[PDB]
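Okay, here we've got a single chain as structure tokens, the form deposited in one PDB entry, with questions on binding and movement later.
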């Protein structure tokens, strides 16, 4: 039975890891042959989820074509967010909830995107459509992904489907969603053991907006001040990436998970487009983005219009 790899994006975050694992489990329980893999380091928020439900980290890979002919993408589609040799394998399926860009197939495929809060909310539907029982631990991972991408049901991308799925999965997982969730989020906001290199890359995503190359990284915190004090070190690693990747903008979004506001740190030739996008004034490369917690909904589209 032909082997496939399932993976999320570069710089893996909780949905990318947990949805890879969940979808491979769904494929395997249906008699197929799938391995969840990951494309980079597991962050602390995902580590808490993996440790709590006693699941191993997916195997790390840099390429797929040496292993398989066919892959499934979860939690992304854009080539530059994907495995470095994506053009050498066939994308059989994509399960996702982001905008579509920089993605092309030679052939028809199963492409399933729904504008909900995360991939795990779609996978929950798919288990039910396929009459496959969700194990306790898988449900905990899928619940973990929903909490992560909704910031405990606070993000404006959180839909009623996400809430309903979290309720089902918390019950299957045997945990109280708010208690577990707070602890998971706090574990990823523990920025004490983290270098600035880790801070700008743990949850970083590349995009092309119009003709401009951008990178938007996100970090969660309970105190924006404790990130802000590392600004000079942050601008040093950021401007190094800006040069290396020829970016027009690197935007770091430092998210206060208590207040649901973010401090932006914008470096690059197009930094002023951030002022236009958010109606905000950059002072010493930063500005408070009030209520802004979601990259796909509150950053990407307004930045696209601004840079156009």
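Numbering follows the first chain given and starts at 1.
Missing here is the form deposited in another entry; even so, the following discussion is about that form.
Taking the list 262, 46, 189, 169 and the motion between this form and the one not shown, the hinge point where C-alphas stop fitting one rigid part best and start fitting the other is 189. Relative to the displayed conformation, the Cα-Cα distance from residue 223 to residue 52 shrinks by 3 Å or more in the other form. In the other form, the Cα atoms of residue 252 and residue 101 sit 3 Å or more farther from each other than they do here.
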